[PDB]
Structures are given as C-alpha cells and as structure tokens.
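**Student:** 3D model of this:
(2 chains, ligands or ions: 1)
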Protein chains: 2
Amino acid sequence: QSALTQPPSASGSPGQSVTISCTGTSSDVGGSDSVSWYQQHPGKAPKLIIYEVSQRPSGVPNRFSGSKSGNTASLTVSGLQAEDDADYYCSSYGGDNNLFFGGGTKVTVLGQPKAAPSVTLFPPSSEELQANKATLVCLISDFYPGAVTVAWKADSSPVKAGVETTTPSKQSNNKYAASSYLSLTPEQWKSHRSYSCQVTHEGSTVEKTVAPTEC
Amino acid sequence: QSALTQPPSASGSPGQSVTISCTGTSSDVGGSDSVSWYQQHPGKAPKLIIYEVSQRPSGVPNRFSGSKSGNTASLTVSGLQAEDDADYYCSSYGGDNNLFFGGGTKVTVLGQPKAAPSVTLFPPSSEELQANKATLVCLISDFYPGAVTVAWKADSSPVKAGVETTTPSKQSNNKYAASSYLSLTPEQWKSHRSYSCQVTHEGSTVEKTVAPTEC
Ligand SMILES: CC[C@]1(c2ccccc2)CCN(c2cc(C)n(C)c(=O)c2)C1
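**Tutor:** Residues are numbered from 1 along each chain as shown, chains lettered A, B, ... in the order given. See below for the structure:
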C-alpha cells in the first residue's frame, strides 16, 4: 500500500521534539542517499523540507533535521510550533531509478489533552439481514489527536476488502469521531465464528469483537 | 518565490475533457523535462499520476495526459469521472536542488448523479449493555451530495439530548458516508418501545426503527 513505511501519526507538545521514521529496503532507503521529506499543511500545497537525507532547502529552519541508519530514514522536528502541524511524507529513489513514497505521518502539535477513543462494535441488525446485508459498524469517538487507523479481522485474519472508514470530525465536545463499516454478506457473517474491529491511536490499540449469536 | 502558477479551479461534467496549466520560468518548467503531476482527494494521501511531463505510472488510466510548451506545462483529463474530482499539483525541478510545487487546482466534476442514502439503524450491542452503555448508531452511506439533516425519535416523541452526527466524508464509491449516534442509558433504552432515526436528504426523508429485543 505504501512502498516506504511511515508511522500513521505522531505528536508532541509545543517546544518539544518529535522524530518520525521512514523504513524501506536495501534497494531504496539504505541503498542510496536520496531520501526526501515533504511537509503539507491541511489544504495547502506540499513543500520540500529535506533532500538527500539531511539537506535543508533555502528557507527551511534548522529545527528540521534528517538522518538515516540502515534501511530507515528519520526526520526530527525540534521546538515544535503550532505551525509545524501538518502531514509529512518521505520519498526515496530505488535501484532502477524508480521513486518510492511513504504513506505519510500526521503530526499534531497538541492543542488539548490526549484522549483515547471509545470504541463500540455493532453486529448486523435484523432488518438489514433480511435485506441480504450484514454490515458491521465500528464506532470510534472522543479521541484526540484526530488520527486513527482501523483494521478488521475475520476470525483472526485481516480483511483487505469491503472496509470503509470516515474521515474523523470534531464533535460538540471538541474531540474527534469516526466510524468504520465492513460490508459483509449474510453468508460471510455466518460462515466465520467472529469478526473484530481493531483501532490504533497514539501507538496503542484496542480491539472489540462480535460473533453470530443466532440473533 | 518558489511557486509554479496553476489555475485555482477547473470544472466540467462527466464525459467532458479538462485541461489545467502549470506556468513556471525557463529555469524550472521550461528548463528540463522533470514536470510531475499529483492527484489528491482531500483528507487522503496523494497519488503521482504524471512524471517526466508525460509518463503515467502503472495503474493511472490513459485518460490523464501531460504535455509541456515553453514554460507552461498542461495536464488534460478526458472523459471526466466522479473519482477525478480532486486537487491536482504540479512540480518541477529547479537549479540548486530545488523542487518547486504549484499552488494546486481543484477540479470539480459537475452534475454528479443524486443518490438517496442507505440508512441502517443499529440497536445496542450485547457487550456495551453489560458495560452499562446503550448507544445507538445510524449508519448513513451512499448518498450524494454530502448534505443531510438527522432527527431522532423516542417512540413518537423527538429526542433533544445525546445526539451527535459526524461530518459526511466522501468514500471510495465517490459517495458520502456519515454516522449519527445517540447516547442512551440502558434504562432509557429498555423503558421505551422503540427509537427511530430520521434522515432527510434533498427533501426526501427515510426512517428506520429498532426496539428492545431478546438479543
Ligand atoms: C512529491 C510530492 C508528494 C505530494 C505531497 C502532498 C500533496 C501532493 C503531492 C509527496 C508525497 N507524494 C506521494 C505520496 C504517495 C503515498 N504516493 C503514492 C504518491 O504517488 C506520491 C507526492
């Protein structure tokens, strides 16, 4: 899904430092010194802030520093300011002159206390089952920062199709909410023994499970 | 000063063609064949669609064609589809290891087909009832445009407290999704005959009802 592997999210308080990694393979990150980093504020055009692992373009403050160790490049942002809040991407040229990209890391300069998400997993409703639909819904609410990743598990294996997750939105309590729904057929829901929703936030994971109970 | 000049906006209806420009100088755009184009749906990672002025990466349909003349690069999107509604950025390499990005062009696919919402109401799960929670979720999906008003009913009376509704987010099917959830105590859920979710989209209203059952 993402050639280079970046953490989905990172965070720190104003004035602190935060380090985000960009892990590849021997033929890209560790094989050359062409790792770049890009910063994109929400709704803005991206900006190159690091090239050739460590070089800072003109106008990029020294608070941003890049390095590499093996197959993993790292960007460090010291003296975090609210302006540094943005999405950070890495890229690296490969062996056959192909450019590879990381998935991005959402960096949040905490503007309020951190809050873990409340998760509720709902099994199929009777009405939708009689309409040949067995959609599960994983409700996620009351979390901050608003970065979250969701993973569904049929029995114990990961599902890689039919998952949808809404963009997190601020609610009345100034915390974020979102929902992930898995569009299962009534057969899929009955054939397997249980489905699970896995939610990851600020590095920690929570998992709820549901199973057919003949109702 | 580092800024390629793109048109702020472009629009067109399905099946139409659209061309957007990326004007630089003789040192960046007109000084090499390193012009790239990136597509980005809001709230999502971008995708490189053109590199070296005209090359499409694998997976990019030939509906997207790039060109260059003087210091002005142009991207053309023929046969506009709903999934082409997004932001588009150009970039070009400049001397001094500089990578210049344009301001970005929001392409709007006009007159996309209206679609009524699929409404699925979920009663409290067996787990959250043990945990003394009785939250209901009204999953609303597959509707366009992304405007909906939600109303909740207890039996026949309106519900005025404990209602939250996420902001509709566009999903992979190019239609919107959202979840309205009602926070009830188990006593509220078991003391009423039914709760209803009323979703209104484009003057038309759908209603779903659930009631306490053995489940
Ligand atoms: C070089 C500019 C990039 C940018 C950033 C923000 C908006 C638009 C473009 C940086 C990340 N970037 C990607 C990233 C990913 C994951 N992919 C798959 C790409 O094809 C391209 C291109």
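**Student:** tell me the domain boundaries of chain A?
**Tutor:** By the assignment in CATH domains of a matching chain, chain A contains the domains A:9-109, A:118-210.
**Student:** quick check, the lengthiest helix in chain A touching chain B?
**Tutor:** Assignment by DSSP state H gives helix A:186-191 as the longest helix of chain A. No. Contact of helix A:186-191 with chain B is not found when judged by Cβ under 8 Å from any Cβ of the partner chain; the minimum separation is 13.6 Å. C-betas here are computed from N, CA, C, even on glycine.
**Student:** Quick check: the residue nearest the centre of chain A vs chain B, distance?
**Tutor:** In chain A, the residue lying closest to the centroid (Cα atoms, centre = their mean) is residue A:8, at 3.0 Å. Residue A:8 sits 11 Å away from chain B when distances are taken as Cβ to the nearest Cβ, to the nearest Å.
**Student:** Identify the residue nearest that residue in space, chain neighbours excluded?
**Tutor:** In this structure, residue A:8 finds its nearest non-sequential neighbour in residue A:149, 4.9 Å apart by Cβ to Cβ, 6 or more residues apart in numbering or on different chains.
**Student:** got it, and residue A:154?
**Tutor:** Spatial nearest neighbour of residue A:154, excluding adjacent residues (Cβ to Cβ, 6+ apart): residue A:192 at 5.1 Å.
**Student:** if we can go back for a sec, tabulate the domains of chain A (TSV), appending mean neighbour count and distance to residue B:28.
**Tutor:** What follows is those, written out as TSV (neighbours: other Cβ atoms under 10 Å in any protein chain shown; distance: least, Cβ to Cβ, whole Å):
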stretch	mean neighbour count	distance to residue B:28
domain A:9-109	18	13
domain A:118-210	18	34
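**Student:** Can you check which of those gets nearest to the ligand?
**Tutor:** Nearest of these to the ligand, taken as Cβ to the nearest ligand atom: domain A:9-109 at 3.5 Å.
**Student:** is the closest one up against the ligand anywhere?
**Tutor:** Yes. Domain A:9-109 comes into contact with the ligand when judged by Cβ under 6 Å from any ligand atom, the residues involved being A:38, A:40, A:46, A:89, A:101, A:103.
**Student:** and that domain, how far from the chain's centre?
**Tutor:** Relative to the chain's own centre, domain A:9-109 is displaced by 15 Å; criterion: Cα atoms, centre = their mean, to the nearest Å.
**Student:** Ok, stretch A:131-149 next?
**Tutor:** Chain-centre distance of stretch A:131-149: 14 Å, with Cα atoms, centre = their mean.
**Student:** Please apply the same query to stretch A:193-205.
**Tutor:** On Cα atoms, centre = their mean, the centre of stretch A:193-205 falls 13 Å from the chain's centre.
**Student:** May I have that stretch as CSV, with CA atoms only?
**Tutor:** Extracted C-alpha coordinates of stretch A:193-205, given in CSV (Å, rounded to 0.1, in the frame of the first residue of the first chain):
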residue,chain,number,x,y,z
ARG,A,193,-17.0,-17.5,14.0
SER,A,194,-16.4,-13.9,14.9
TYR,A,195,-15.3,-10.5,13.4
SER,A,196,-13.2,-8.0,15.3
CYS,A,197,-12.5,-4.2,15.0
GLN,A,198,-9.0,-3.0,15.8
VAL,A,199,-8.5,0.7,16.4
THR,A,200,-5.0,2.2,16.8
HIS,A,201,-4.5,5.6,18.4
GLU,A,202,-1.2,7.3,19.5
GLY,A,203,0.6,4.0,19.3
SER,A,204,-1.8,1.9,21.4
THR,A,205,-4.5,-0.5,20.2
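**Student:** wait, does it contact chain B?
**Tutor:** No. Applying Cβ under 8 Å from any Cβ, one finds stretch A:193-205 separated from chain B by no less than 11.3 Å.
**Student:** any residues touching that stretch, and which ones?
**Tutor:** Outside of stretch A:193-205, the residues within contact range by Cβ atoms under 8 Å, 6 or more residues apart in numbering or on different chains are A:8-9, A:11, A:114, A:116-117, A:119, A:121, A:136, A:138, A:140, A:143, A:145, A:147-155, A:180, A:182, A:184, A:189, A:206-212.
**Student:** And the residue lying closest to residue A:17 once chain neighbours are set aside, how close does it get to chain B?
**Tutor:** Leaving aside its chain neighbours, residue A:17 sits nearest to residue A:78 (4.3 Å; criterion: Cβ to Cβ, 6+ apart). Counting by Cβ to the nearest Cβ, the gap between residue A:78 and chain B amounts to 23 Å.
**Student:** C-alpha coordinates for stretch A:6-23, PDB please?
**Tutor:** Listed in PDB are the C-alpha atoms of stretch A:6-23, where the atom choice follows Å, rounded to 0.1, in the frame of the first residue of the first chain:
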ATOM      1  CA  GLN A   6       5.900   5.600   7.900                       C
ATOM      2  CA  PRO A   7       4.000   5.700  11.200                       C
ATOM      3  CA  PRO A   8       0.500   7.000  10.600                       C
ATOM      4  CA  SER A   9       0.700   9.700  13.300                       C
ATOM      5  CA  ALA A  10       3.000  11.400  15.800                       C
ATOM      6  CA  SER A  11       2.500  14.200  18.300                       C
ATOM      7  CA  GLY A  12       4.300  16.400  20.800                       C
ATOM      8  CA  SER A  13       3.700  19.500  22.900                       C
ATOM      9  CA  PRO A  14       4.800  23.000  21.900                       C
ATOM     10  CA  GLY A  15       8.500  23.400  22.200                       C
ATOM     11  CA  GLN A  16       9.200  19.600  22.300                       C
ATOM     12  CA  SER A  17      10.900  17.500  19.700                       C
ATOM     13  CA  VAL A  18       9.300  14.700  17.600                       C
ATOM     14  CA  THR A  19      11.000  12.100  15.400                       C
ATOM     15  CA  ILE A  20       9.300  10.200  12.600                       C
ATOM     16  CA  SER A  21      10.800   7.300  10.700                       C
ATOM     17  CA  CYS A  22      10.700   6.200   7.100                       C
ATOM     18  CA  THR A  23      11.600   2.500   6.700                       C
END
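**Student:** how distant is it from the center of its chain?
**Tutor:** Averaging C-alpha coordinates over stretch A:6-23 and over its chain gives two centres that are 12 Å apart (Cα atoms, centre = their mean).
**Student:** Contact partners for residue A:141?
**Tutor:** Taking Cβ under 8 Å, 6+ apart, one finds A:117-118, A:171, A:175-178, B:164, B:181 in contact with residue A:141.
**Student:** And for residue A:212?
**Tutor:** Counted by Cβ under 8 Å, 6+ apart, residue A:212 has contacts A:123, A:189-190, A:193-194.
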